[PDB]
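Participant: experimental structure and sequence below, a few questions after.
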2 protein chains.
Amino acid sequence: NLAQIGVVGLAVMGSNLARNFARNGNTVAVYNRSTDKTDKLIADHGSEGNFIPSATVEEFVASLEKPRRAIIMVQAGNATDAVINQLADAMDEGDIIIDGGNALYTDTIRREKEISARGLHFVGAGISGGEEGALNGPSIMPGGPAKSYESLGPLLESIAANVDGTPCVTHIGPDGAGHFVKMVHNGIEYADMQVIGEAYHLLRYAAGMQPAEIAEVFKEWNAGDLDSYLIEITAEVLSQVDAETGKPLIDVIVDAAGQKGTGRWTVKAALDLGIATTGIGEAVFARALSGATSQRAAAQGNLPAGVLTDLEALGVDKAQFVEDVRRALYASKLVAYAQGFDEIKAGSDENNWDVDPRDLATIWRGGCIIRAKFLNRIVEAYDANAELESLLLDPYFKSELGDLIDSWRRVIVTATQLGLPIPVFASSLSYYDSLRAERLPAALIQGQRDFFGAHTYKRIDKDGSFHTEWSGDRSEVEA
Amino acid sequence: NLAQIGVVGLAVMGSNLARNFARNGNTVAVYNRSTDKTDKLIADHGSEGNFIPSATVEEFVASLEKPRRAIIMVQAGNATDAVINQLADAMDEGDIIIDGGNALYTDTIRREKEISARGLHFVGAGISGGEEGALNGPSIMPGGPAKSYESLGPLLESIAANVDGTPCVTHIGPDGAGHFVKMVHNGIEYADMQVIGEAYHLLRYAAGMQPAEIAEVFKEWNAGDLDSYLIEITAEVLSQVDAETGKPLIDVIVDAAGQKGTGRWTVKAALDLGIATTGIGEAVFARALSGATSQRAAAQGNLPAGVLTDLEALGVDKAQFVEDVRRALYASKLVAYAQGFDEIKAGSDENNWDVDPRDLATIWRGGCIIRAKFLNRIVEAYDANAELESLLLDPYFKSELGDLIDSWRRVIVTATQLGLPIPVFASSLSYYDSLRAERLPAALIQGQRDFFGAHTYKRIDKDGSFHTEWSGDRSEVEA
Ligand SMILES: NC(=O)c1ccc[n+]([C@@H]2O[C@H](COP(=O)([O-])OP(=O)(O)OC[C@H]3O[C@@H](n4cnc5c(N)ncnc54)[C@H](OP(=O)(O)O)[C@@H]3O)[C@@H](O)[C@H]2O)c1
Ligand SMILES: NC(=O)c1ccc[n+]([C@@H]2O[C@H](COP(=O)([O-])OP(=O)(O)OC[C@H]3O[C@@H](n4cnc5c(N)ncnc54)[C@H](OP(=O)(O)O)[C@@H]3O)[C@@H](O)[C@H]2O)c1
Ligand SMILES: [Mg+2]
Ligand SMILES: [Mg+2]
Ligand SMILES: [Mg+2]
Ligand SMILES: [Mg+2]
Ligand SMILES: [Mg+2]
Ligand SMILES: [Mg+2]
């Protein structure tokens, strides 16, 4: 007569999640502040499994088997803190509050401190895949005490996406580690979509291909190493004809990316952690620029292009160019992921989480928009070398870069000569050529700062800080 | 027997600032929590002018002529709030608390609300030029109530940098406007230093010039449109020989800028405001990458370069290439400033500040690391069009871009073919080519997001939001 799991918040995400639990053989307690949403779920979806509805938090908590597991699925921020307090007040020692919402990981850290203190357990659970994932099988990223997973894990494994028998959930780490890895996942999604956008742009405006032909190229690419959900749905979007006009649907869509989106959080965290996420960063900046409606209108046809050429005048074969774009897309995808996994290691180190990157690449293979067989290469890279300094240095990926790099350079040159924007492709190659470099112009920056501000520099041949007496005899002294 | 201005916090920045006030004929109250610093200022510099040293906040406040003007120069964050509260409790209605520290503008906004509600005035003042500017003439960016500038303005004008008889201080706007434009100024400084670094890297590793020769090139550029303090000091740094090794000083400096600075705050604000600051962003990312010591050590000689060429094999004239790099530097500087001024506009609109960008380009000509005669072109651009959509569209600058664009494309092509990193040069050209684009891949992103999440899109040819039934008959409905 008791539920093993409960959901508070029965808007579409929490209702879909409750249904998932119930379809997979769990008894599920459900509560919503407004009872009409609870009544609607029972009325329209009660045949999907065993639900225990409650009108009050006290009734809801009383319906859960100890140790009690309540997932919150409400509005992020103040509304989730309100429900955490209501559950906290009603629960016993050893009970488990789970926020499944899209929390700021710093909110989850603060909540885990306040709730662990109250004698309760707090889990911040990132849930991927949006409404469809919540209903049919998400990737789940729980952070909190490791002993919370003993009672919660088997429940989450019952609803998670399954890939080759492996549920897309495992314990990520303490406190905010789950919401953190979910946030980085969101930023990676932006980069994956932007590198596809850039490939599309070159195939259309350099190779002269219409959307229906580009769809067919993407389906061919999707049979090879790039194989991915995002490339699969890209072909379906490029194939779609607008019934009203007969034009490709993409050609009647307003080309301004929804300014609603959390990819910016990923880049803010990378800026704080000292990680160069050029790929996610340029993908976010590209969405922002697309929305600058009045600036784009004022710019159109008014900035000098310079002398441009075209593939025919360059003597470039269309088939060779299309393959070069594929290889630029793969290289740029690989840089964006290497940077994202750098951000995961930096966040883990900063927060003492011991995040295992193999767990992330494993559970992102199902119920995620970014799912692709590429992720198995990330698992294998870290399996081979738990302390790998960059995904680019994995023996498999490094050997792949050997075959990509000539194409990648040709795409940057060619796009530039045709006046076509390629922000993540170009920025990824400058980042790559920066990691290759023996000496970077940061040495000059250190010298400039010592000149104007006496900020001091380190030396390659001696430990310590040094200063040149710029305003004086320009001798070097110790700082 | 009363001071017209006071300084709280007598570490080097505040001691320098107090000395500046005193050298310029003001009577200056000085106070530091630790009395030993007050004793030290009086002992070492009391001859420079009329100081009134106090050991306690109450004596300090009693030494000030009403309406009292106290400038706080202490550790940013909680320490600044601690000193604000101690002054506020000791002061009378109409008194003026000024924070001259490197405040987060959101902290200034909060402080101005709290302190104004108590019948005091709060000013957040950005002070540029570091320790040297505090002593010898800074750029000063005060935000707070306009009436505050009437008693404070003449004191700030007595110490500010002066350019052709114009003091580098004016009232910026309400509450946080001052600390906000200082934060953007800090980001711009990063971009100015990075574009100089990229030019240096190309002249050294593409044109085969040694640092002493590059120093002579920068001095010649400094005679033309690029004329700047940063280019002047760059030639002095590149001329410098390390006595101990005989190598160029730059060659014995550790090429790691790391994360010792606040340029990241500029990018985080840009991300929240929806502004594509690709120049400042890539500059900050480049500093972060330079500091990844273990990763760079692991990457050296392990990432495939691809087939590279050189200027000789390309048939490129060295003098033509050097001028092309100058013009890439100019174009990329202009893009970084255009984006920073877009960030200033977006911040001013979000916060109802009515920031006049002419004020900023006027007062950054003195006592700022970014000072350059280029800033006059920004004043003139906004003089001609208060609602200018981008600095790129100013008639003078658009005319300049007609002469820069062919060079700029050649530099991205050539750097790419030689395997040299140019993150701001290349990202600035993708941004430029993105403003030139009729249609951006943002249309494909809108289609993808509608496919996987039913996120809806807008149409170019009629009003409202639409959804294509991707899982069903792929008909379109209004949303
Ligand atoms: N659809 C998407 O694109 C997407 C993707 C991922 C996640 N999400 C989900 O979106 C939700 C965010 O909510 P929203 O603001 O957008 O929708 P909403 O309908 O305004 O709120 C959702 C739920 O929050 C509850 N709630 C709000 N304030 C509360 C309070 N103070 N005390 C108790 N319950 C409270 C509501 O209860 P009432 O019914 O009583 O109002 C409702 O059940 C999260 O659950 C998140 O998981 C969105
Ligand atoms: N190189 C630099 O450090 C540098 C460069 C840029 C800007 N600044 C400027 O210098 C200030 C920052 O100082 P810092 O943090 O770098 O150095 P710090 O040595 O940690 O402290 C700087 C000053 O803050 C005072 N202070 C700290 N906590 C305080 C508190 N709770 N109550 C009152 N006074 C307090 C100290 O007083 P005591 O002597 O009593 O400790 C000292 O006068 C700001 O005004 C900033 O704009 C410094
Ligand atoms: Mg039935
Ligand atoms: Mg299932
Ligand atoms: Mg292969
Ligand atoms: Mg580890
Ligand atoms: Mg002076
Ligand atoms: Mg000229």
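Facilitator: Arrived safely, thanks for sending. Numbers count the residues shown, from 1 in each chain, chains lettered A, B, ... in the order given. Ligands and ions are numbered 1, 2, ... in the order given.

Participant: span of stretch A:412-430 from start to end?
Facilitator: Using Cα to Cα, to the nearest Å, the end-to-end distance of stretch A:412-430 comes to 10 Å.

Participant: same check, this time on stretch A:456-467
Facilitator: 5 Å.

Participant: starting at the chain centroid, how far to it?
Facilitator: Taking Cα atoms, centre = their mean, to the nearest Å, one finds the center of stretch A:456-467 at 39 Å from the center of the full chain.

Participant: same thing with stretch A:304-311?
Facilitator: 35 Å.

Participant: and residue A:164, how many residues sit next to it?
Facilitator: Residue A:164: 7 surrounding residues under other Cβ atoms under 10 Å in any protein chain shown. For every residue, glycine as well, the C-beta is placed using N, CA and C.

Participant: ok, residue A:368 touching residue A:185?
Facilitator: Yes. Using Cβ atoms under 8 Å, residue A:368 is in contact with residue A:185, at 6.7 Å.

Participant: shared neighbours, these two?
Facilitator: Here residue A:368 and residue A:185 have A:128, A:139 as joint contacts, going by Cβ atoms under 8 Å, 6 or more residues apart in numbering or on different chains.

Participant: hang on, residue A:361 packs against residue A:373?
Facilitator: No. Under the criterion of Cβ under 8 Å, residue A:361 is not in contact with residue A:373, lying 10.8 Å apart.

Participant: looking at these two, which is more packed in?
Facilitator: Set residue A:361 next to residue A:373 and count neighbours by other Cβ under 10 Å: residue A:361 wins out with 22 against 12.

Participant: residues contacting residue A:147?
Facilitator: Residue A:147 sits in contact with residue A:121, where contact means Cβ under 8 Å, 6+ apart.

Participant: switch to 7 Å and redo it
Facilitator: If you count contacts by Cβ atoms under 7 Å, 6 or more residues apart in numbering or on different chains, residue A:147 has none.

Participant: ditto for residue A:126
Facilitator: The neighbourhood of residue A:126, defined by Cβ under 7 Å, 6+ apart, consists of A:141, A:178-179, A:181-182.

Participant: for ligand 2, what's its nearest residue on the stretch 1-150 of chain A.
Facilitator: residue A:106 (23.1 Å; Cβ to the nearest ligand atom).

Participant: okay, and that residue sits in which element?
Facilitator: Element membership for residue A:106 (DSSP states H and E) is helix A:105-117.

Participant: buried residues in that helix, which are they?
Facilitator: Within helix A:105-117, the residues that qualify as buried are A:105, A:107-109, A:111-112, A:115, counting by 16 or more other Cβ atoms under 10 Å in any protein chain shown.

Participant: pull up the residues of the stretch 251-400 of chain A that are close to ligand 1.
Facilitator: Counting by Cβ under 6 Å from any ligand atom, the stretch 251-400 of chain A comes close to ligand 1 at no residue.

Participant: just the helices from the stretch 251-400 of chain A, written as ranges.
Facilitator: For the stretch 251-400 of chain A, the helices defined by DSSP state H, counting those that start in this stretch cover A:263-273, A:278-290, A:293-299, A:311-314, A:318-351, A:357-363, A:374-384, A:395-418.

Participant: winner for burial among the ones you listed?
Facilitator: For the helices of the stretch 251-400 of chain A, the largest average neighbour count (mean count of other Cβ atoms under 10 Å in any protein chain shown) is found in helix A:278-290, namely a mean of 29.

Participant: can I have that helix written out in CSV, keeping just the CAs?
Facilitator: Extracted C-alpha coordinates of helix A:278-290, given in CSV (Å, rounded to 0.1, in the frame of the first residue of the first chain):
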residue,chain,number,x,y,z
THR,A,278,36.0,28.0,-27.7
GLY,A,279,33.6,25.5,-29.3
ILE,A,280,30.6,25.8,-26.9
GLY,A,281,31.5,29.5,-26.5
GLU,A,282,31.4,30.3,-30.2
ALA,A,283,28.2,28.2,-30.5
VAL,A,284,26.5,30.3,-27.8
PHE,A,285,27.8,33.6,-29.4
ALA,A,286,26.5,32.4,-32.8
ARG,A,287,22.9,32.0,-31.3
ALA,A,288,23.2,35.5,-29.7
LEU,A,289,24.3,37.1,-33.0
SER,A,290,21.4,35.4,-34.9
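
Participant: that one and chain B, any residue contact?
Facilitator: Yes. Residues of helix A:278-290 contacting chain B under Cβ under 7 Å from any Cβ of the partner chain: A:278, A:281-282, A:284-285, A:287-290.

Participant: who's in contact with that helix?
Facilitator: Contacts of helix A:278-290 from elsewhere in the structure, counted by Cβ under 7 Å, 6+ apart, are A:187-188, A:190-191, A:194, A:255-257, A:261, A:263-264, A:266-267, A:332, A:335-336, A:339-340, A:423-424, A:427-428, A:431, B:271, B:274-276, B:278, B:281-282, B:285, B:427, B:431, B:434, B:440, B:442.
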